[PDB]
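Student: Please see the structure below; I have some questions.
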Amino acid sequence: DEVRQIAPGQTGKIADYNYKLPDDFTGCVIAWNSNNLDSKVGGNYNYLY
Amino acid sequence: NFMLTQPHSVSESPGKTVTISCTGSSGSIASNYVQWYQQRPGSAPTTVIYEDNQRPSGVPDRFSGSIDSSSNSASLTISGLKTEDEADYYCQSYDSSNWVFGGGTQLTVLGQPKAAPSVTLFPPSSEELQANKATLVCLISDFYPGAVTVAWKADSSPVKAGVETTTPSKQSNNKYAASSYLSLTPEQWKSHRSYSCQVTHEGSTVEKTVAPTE
Amino acid sequence: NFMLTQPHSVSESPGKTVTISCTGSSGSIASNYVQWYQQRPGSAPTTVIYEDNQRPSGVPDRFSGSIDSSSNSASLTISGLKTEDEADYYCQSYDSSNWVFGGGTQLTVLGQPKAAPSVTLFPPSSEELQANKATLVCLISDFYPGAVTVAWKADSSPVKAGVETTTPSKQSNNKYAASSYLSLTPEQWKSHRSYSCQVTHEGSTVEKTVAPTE
Amino acid sequence: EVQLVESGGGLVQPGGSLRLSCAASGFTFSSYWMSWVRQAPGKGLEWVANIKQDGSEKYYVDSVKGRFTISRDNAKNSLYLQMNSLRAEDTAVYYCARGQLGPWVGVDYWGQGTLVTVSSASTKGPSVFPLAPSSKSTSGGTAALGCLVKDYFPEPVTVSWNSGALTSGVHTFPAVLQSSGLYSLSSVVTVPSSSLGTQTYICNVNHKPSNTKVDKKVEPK
Amino acid sequence: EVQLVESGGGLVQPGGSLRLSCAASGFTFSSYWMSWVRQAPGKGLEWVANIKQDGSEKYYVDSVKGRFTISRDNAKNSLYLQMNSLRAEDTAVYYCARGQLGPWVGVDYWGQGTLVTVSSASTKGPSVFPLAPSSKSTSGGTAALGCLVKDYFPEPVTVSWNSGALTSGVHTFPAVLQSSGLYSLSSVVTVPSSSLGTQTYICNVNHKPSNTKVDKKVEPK
Numbered sequence: 405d406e407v408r409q410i411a412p413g414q415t416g417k418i419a420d421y422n423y424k425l426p427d428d429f430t431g432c433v434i435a436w437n438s439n440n441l442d443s444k445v446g447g448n449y450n451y452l453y
Numbered sequence: 001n002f003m004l005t006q007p008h009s010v011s012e013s014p015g016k017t018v019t020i021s022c023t024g025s026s027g028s029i030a031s032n033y034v035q036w037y038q039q040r041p042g043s044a045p046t047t048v049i050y051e052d053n054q055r056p057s058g059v060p061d062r063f064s065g066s067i068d069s070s071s072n073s074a075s076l077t078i079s080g081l082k083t084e085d086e087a088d089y090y091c092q093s094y095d096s097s098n099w100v101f102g103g104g105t106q107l108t109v110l118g119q120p121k122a123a124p125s126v127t128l129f130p131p132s133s134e135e136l137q138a139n140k141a142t143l144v145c146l147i148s149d150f151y152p153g154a155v156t157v158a159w160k161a162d163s164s165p166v167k168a169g170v171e172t173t174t175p176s177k178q179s180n181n182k183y184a185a186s187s188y189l190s191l192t193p194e195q196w197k198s199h200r201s202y203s204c205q206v207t208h209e210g211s212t213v214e215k216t217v218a219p220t221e
Numbered sequence: 001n002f003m004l005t006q007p008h009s010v011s012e013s014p015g016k017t018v019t020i021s022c023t024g025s026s027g028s029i030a031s032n033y034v035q036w037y038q039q040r041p042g043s044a045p046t047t048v049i050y051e052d053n054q055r056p057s058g059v060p061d062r063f064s065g066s067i068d069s070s071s072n073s074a075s076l077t078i079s080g081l082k083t084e085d086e087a088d089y090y091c092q093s094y095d096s097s098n099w100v101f102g103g104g105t106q107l108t109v110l118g119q120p121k122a123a124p125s126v127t128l129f130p131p132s133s134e135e136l137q138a139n140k141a142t143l144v145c146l147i148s149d150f151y152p153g154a155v156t157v158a159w160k161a162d163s164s165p166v167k168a169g170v171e172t173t174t175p176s177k178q179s180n181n182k183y184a185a186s187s188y189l190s191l192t193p194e195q196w197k198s199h200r201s202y203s204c205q206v207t208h209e210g211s212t213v214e215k216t217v218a219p220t221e
Numbered sequence: 001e002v003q004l005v006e007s008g009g010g011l012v013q014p015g016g017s018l019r020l021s022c023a024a025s026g027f028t029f030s031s032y033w034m035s036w037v038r039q040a041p042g043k044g045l046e047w048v049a050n051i052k053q054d055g056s057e058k059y060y061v062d063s064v065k066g067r068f069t070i071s072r073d074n075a076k077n078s079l080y081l082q083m084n085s086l087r088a089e090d091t092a093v094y095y096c097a098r099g100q101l102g103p104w105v106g107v108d109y110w111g112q113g114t115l116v117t118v119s120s121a122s123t124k125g126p127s128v129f130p131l132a133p134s135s136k137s138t139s140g141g142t143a144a145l146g147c148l149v150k151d152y153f154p155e156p157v158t159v160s161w162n163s164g165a166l167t168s169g170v171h172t173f174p175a176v177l178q179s180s181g182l183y184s185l186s187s188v189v190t191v192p193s194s195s196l197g198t199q200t201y202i203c204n205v206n207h208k209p210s211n212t213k214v215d216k217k218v219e220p221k
Numbered sequence: 001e002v003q004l005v006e007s008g009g010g011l012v013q014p015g016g017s018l019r020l021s022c023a024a025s026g027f028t029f030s031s032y033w034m035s036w037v038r039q040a041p042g043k044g045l046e047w048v049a050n051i052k053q054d055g056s057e058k059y060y061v062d063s064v065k066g067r068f069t070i071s072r073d074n075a076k077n078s079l080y081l082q083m084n085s086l087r088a089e090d091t092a093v094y095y096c097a098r099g100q101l102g103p104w105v106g107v108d109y110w111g112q113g114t115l116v117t118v119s120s121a122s123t124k125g126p127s128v129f130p131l132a133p134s135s136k137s138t139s140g141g142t143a144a145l146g147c148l149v150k151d152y153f154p155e156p157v158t159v160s161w162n163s164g165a166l167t168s169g170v171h172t173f174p175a176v177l178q179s180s181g182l183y184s185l186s187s188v189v190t191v192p193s194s195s196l197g198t199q200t201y202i203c204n205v206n207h208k209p210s211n212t213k214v215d216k217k218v219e220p221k
């Protein structure tokens, strides 16, 4: 859900309290999905935000 | 279930700036690149917009595009509105390892007021009647507008079954042509008096009469 | 092709104001009235919003609605976020002599942390094997959380085909219970050494071993 | 206050005919709008039909166009729904909807409904296997008892022990899906091991679609 | 400049196998992306498949999942497409798409394509009737000529006159639908009446689904 907040201009919990990008960003953003590797059958609880 | 929503017939205007809106519903279209494609009906398509802001080499700068994130829609704007060929346009995005295409947006519109219709009849020959099949075609052409009715008249009673008529088609004469087919049997062909096929137009009625005697 | 787009899981928050967006694509939803409906899973549904701005008698004032004609979206706002039962909501409009409904928007989340699992085995009896079928059930109960994997081990090679496992169910002990069924044949039952069914949990592994000698 | 009572389903049939009736009371039947609404189990809501206060105008969704028909009468205050040539998607619960002014104000009315499922596959009797664990140690989940139900279709199965004489300690595991889409479950009861020969343990299994009532004694091996 | 040549269609078959090949030149074959795109006649565009520059990864739409396969080779610079168990929906025009960097930049490449149509229940033989109007007056649409094609399935029919020697004044009327859903059309050519006996007229009718080519002489009655 919070992938479009990575782009500059947008606002949100992640975009303003954890990671903010400048309005003159001249780079690239790479995103992919990995559910089985990052989570076991019981779920992952070592991630903080 | 990613899809893209766009209208089907817009930009029907002469020579000013109009916009075309492409929007999605399942996800945000601003996450990935979206492009605009055009196709010529009857030949290969081309591309007017790639990379959501750029144009191919040789493509005129009249076209312009923009992205809004408030309504999550893609806008394609055409400035010149020249004598460009009629076409329809599509909207393409990419969700995950798959491609989605738009529905399509048609764009087509950027001496004698009365024409005499030419009517011709082809009665069955000896080759037809020996195969237990008689065909009588009621051909009409060069009429304007293409709103005509074709009916067949027998000796004493109009027929209803066995008459098939197709829609008029655009020929290379700035006119329309239509055809009607009738299937009958040889026993009634010789038992009648005079066959007739009549066509009706706006304030016009042309009737033809033939005889079975050959 | 009038249809209404709304998310499936939103408002997972404790006790503040959150809005839910319903939008359409084929036409403007502000032309006709749009309503908000709620359904109780396992029983009859009710209605929270009718006439796009009003609520039925007895419905609390916490719910409210609004219309944004710019974004072509309908907003439903819930204020209190009380202990209301788990439910999902739909969006309804009217285009022409037909009714359209929304996809659905689920809204659910508004003494010993470790329990020893009890595992029991039921080997086939003489009654089973004379009917040319052998059943071996691998029963587990009293585990928390209900995220376990059930596997079967033969004498020298784990099996892959013939093992079926159901989802855990809530019993009257504040715990979960699951069952696994295995279908084998008598010729391999006497050709093995020791059957084993293993269950893995959070930092725990219980292993049981039996013998065909009875 | 309005009663809405629906009883038109409860059987499976492929491509045949079924009649559904909704009973209504507490209001005038010939002044408002009524409709019909269905939903799939675990899926979303969808609209089926609507009818005018005199039955002059009726409309349907294009999926069921050609088939389906609806009739009404104001003398006995009832709704009739007939559908024919059913398909596997028709497993749904149906509510008789009631309007107030038209198709714009809202539905606001939904009965409890009747569960309607279709299945071309026929019913079949449950193979019962009352396992008797004569030799088993203590400190386990089940001391000494077992009854197994396998190879039955469809749900549910009425499972009883000793004709319902005892009910304490009865635990019935949920049905499991096999590789062929088949149901199987077991029920266990905690009883002392000293009553294996001094008490008659007998397992009652009832299947309503298959109309099979099989009653089997448990004997230790 | 990049040239794309496609020739894989031109015949009908229900539920069989068809192989399509696209020929490419003017660029390196083993460095960019290629795809496959089809469209229905009179409908919009839709995506079919895509392939990596080495053929390691291939993907399809859920409608054609299970069937379909794509193969490639960089030695001879060609693409192969195999379809099996075709349906009536597959009447489409296929273009071999070529990418630039990936599935995000765009397609930007489309060949001329090949017309592909599918008809079931095979076909029957067309009945050509080259009518000869020996006696007809002037001041009419057709002076003296006639050819009729009837009882054929499906569209289209390649109609020629005297093996394509003449092409001026040839007017082919569109096909008409009859009461049995049957196609029929006629083609007329304006020729002088003085050449009825001094010039040979042969009406050429070719049907690709029926693989029938019938040449008939027009003789006056």
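Protein chains in written order, with the entry's author numbering: chain C, 405 to 453; chain G, 1 to 110, 118 to 221; chain N, 1 to 110, 118 to 221; chain M, 1 to 221; chain F, 1 to 221. Even for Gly, the Cβ is constructed at its ideal location relative to N, Cα and C.
Just to confirm the assignment: which complete beta strand (DSSP E) runs, minimum length 3, are found wholly within the segment 85-154 of chain M?
Tutor: You should have 92-98, 114-116, 127-129, 147-152.
Student: Can you tell which of N:13, N:218, N:210, N:207 has its C-alpha closest to the C-alpha of residue 106 of chain N?
Tutor: Nearest option by C-alpha distance: N:13.
Student: Note down the Cα distance separating residue 24 of chain N from residue 108 of chain G, rounded to an integer number of angstroms.
Tutor: Answer to the nearest angstrom: the Cα atoms are 27 Å apart.
Student: Would you mind telling me which residues of chain N sit closer than 9 Å to residue 44 of chain M, beta carbon to beta carbon, in chain order?
Tutor: Here the neighbours are 88, 90, 101, 102, 103, 104.
Student: Taking C-alpha atoms, which residue in G:43, G:57, G:182, G:100 lies nearest to residue 45 of chain F?
Tutor: Comparing Cα positions, the closest option is G:100.
Student: Flag residue 138 of chain N as yes if its beta-carbon sits less than 7 Å from any beta-carbon of chain C, otherwise no.
Tutor: Not an interface residue.
Student: Which residues share a DSSP beta bridge with residue 18 of chain N?
Tutor: DSSP lists N:78 as partners of residue 18 of chain N.
Student: Does DSSP classify residue 50 of chain N as helix, strand or coil?
Tutor: Residue 50 of chain N: strand per DSSP, three-state reduction.
Student: Cα separation between residue 43 of chain G and residue 112 of chain F?
Tutor: The alpha-carbon atoms of residue 43 of chain G and residue 112 of chain F are separated by roughly 6 Å.
Student: Answer with buried or exposed for residue 310 of chain M, where buried requires no fewer than 16 other C-beta atoms within 10 angstroms of its C-beta.
Tutor: The structure shown does not extend to residue 310 of chain M, since chain M is modelled only from 1 through 221, so no value can be given for it.
Student: Measuring only between beta-carbons, confirm whether residue 416 of chain C sits less than 7 Å from chain N.
Tutor: Residue 416 of chain C does not count as touching chain N.
Student: Looking at C-alpha atoms only, which residue of F:183, F:55, F:144 is the closest neighbour of residue 201 of chain F?
Tutor: Among F:183, F:55, F:144, the Cα nearest to that of residue 201 of chain F belongs to F:144.
Student: Using a 10 Å radius around the Cβ and a threshold of 16 neighbouring Cβ atoms, would you call residue 150 of chain M buried or exposed?
Tutor: Per the 10 Å Cβ criterion, buried.
Student: Determine the DSSP secondary structure at residue 419 of chain C, reduced to helix, strand or coil.
Tutor: Three-state DSSP puts residue 419 of chain C in a helix.
Student: With 16 as the cutoff for other CB atoms within 10 Å, does residue 34 of chain G come out buried or exposed?
Tutor: So residue 34 of chain G counts as buried.
Student: Have a look at residue 70 of chain F and residue 215 of chain N and give me their C-alpha separation to the nearest angstrom.
Tutor: Taking the straight line from one Cα to the other gives about 50 Å.
Student: In chain D, which residues lie with their C-beta within 8 Å of the C-beta of residue 50 of chain N?
Tutor: Judged by its chain identifiers, the structure shown contains no chain D, and its protein chains are C, G, N, M and F.
Student: Of all the options M:73, M:81, M:33, M:25, which has the alpha carbon lying nearest to the alpha carbon of residue 8 of chain M?
Tutor: The candidate whose alpha carbon is nearest that of residue 8 of chain M is M:81.
Student: Would a check of beta-carbon distances place residue 19 of chain G closer than 7 Å to chain N?
Tutor: No, residue 19 of chain G lies away from the interface with chain N (no Cβ there is under 7 Å from its Cβ).
Student: Could you check which residue in N:163, N:183, N:154, N:142 has the C-alpha nearest to that of residue 170 of chain N?
Tutor: Comparing Cα-Cα distances from residue 170 of chain N to each of N:163, N:183, N:154, N:142, the minimum goes to N:142.
Student: Quick one: grab the DSSP three-state call for residue 171 of chain G.
Tutor: Looking at residue 171 of chain G - three-state DSSP - the assignment turns out to be strand.
Student: Starting from the C-beta of residue 186 of chain M, find all residues in its chain whose C-beta is less than 6 Å away, skip the five residues before and the five after it, and write them out in chain order.
Tutor: Excluding positions up to five away in sequence, the list reads 148, 173.
Student: Within the segment 140-193 of chain G, note down every full beta strand (DSSP E) run reaching 3 residues or more, in order along the chain.
Tutor: As far as the segment 140-193 of chain G is concerned, its whole beta strand (DSSP E) runs of at least 3 residues are 141-150, 156-160, 170-172, 183-191.
Student: Under 6 Å Cβ to Cβ from residue 134 of chain F, same chain only, skipping five residues before and after it: list those, please.
Tutor: Hits under 6 Å: 220, 221.
Student: Kindly list, in the order they appear in chain C, the residues whose Cβ is closer than 7 Å to that of residue 156 of chain N.
Tutor: What residue 156 of chain N touches in chain C: 445.
Student: Taking 7 Å as the CB-CB cut-off, is residue 31 of chain G touching chain C?
Tutor: Taking Cβ atoms only, chain C reaches closer than 7 Å to residue 31 of chain G, which makes this a yes.
Student: How long is the line joining the alpha carbons of residue 175 of chain G and residue 206 of chain G, rounded to whole angstroms?
Tutor: Going from the Cα of residue 175 of chain G to the Cα of residue 206 of chain G covers about 13 Å.
Student: For residue 97 of chain F versus residue 35 of chain F, is the C-beta spacing smaller than 7 Å?
Tutor: Result yes, Cβ atoms of residue 97 of chain F and residue 35 of chain F sit closer than 7 Å.
Student: Identify whether residue 204 of chain F lies in helix, strand or coil by the three-state DSSP scheme.
Tutor: Three-state DSSP puts residue 204 of chain F in a strand.
Student: Between residue 104 of chain M and residue 45 of chain N, which are expected to be in contact by the criterion C-beta below 8 Å, what is the C-beta distance as a whole number of angstroms?
Tutor: No, residue 104 of chain M and residue 45 of chain N are not in contact; Cβ-Cβ is about 19 Å, not under 8 Å.
Student: Name, in chain order, the residues that DSSP records as bridge partners for residue 99 of chain N.
Tutor: DSSP, once it has assigned bridges, lists N:94 as partnering residue 99 of chain N.
Student: Which residues bound the alpha helix (DSSP H) around residue 11 of chain G?
Tutor: Careful: residue 11 of chain G lies outside any alpha helix (DSSP H) and carries neither H nor E.
Student: List the whole-angstrom C-beta distance separating residue 130 of chain F from residue 140 of chain F, where the pair is believed to meet the contact cut-off of C-beta under 8 Å.
Tutor: Not a contact, Cβ separation roughly 18 Å.
Student: Distance, Cα to Cα, residue 121 of chain G vs residue 203 of chain G?
Tutor: So the alpha carbons of these two residues sit roughly 24 Å apart.
Student: Applying a beta-carbon distance threshold of less than 7 Å, which residues of chain C neighbour residue 209 of chain N?
Tutor: What residue 209 of chain N touches in chain C: 446.
Student: Measure from the alpha carbon of residue 93 of chain N to the alpha carbon of each residue in N:208, N:132, N:3, N:196, then state which is nearest.
Tutor: For residue 93 of chain N, the nearest C-alpha among the options comes from N:3.
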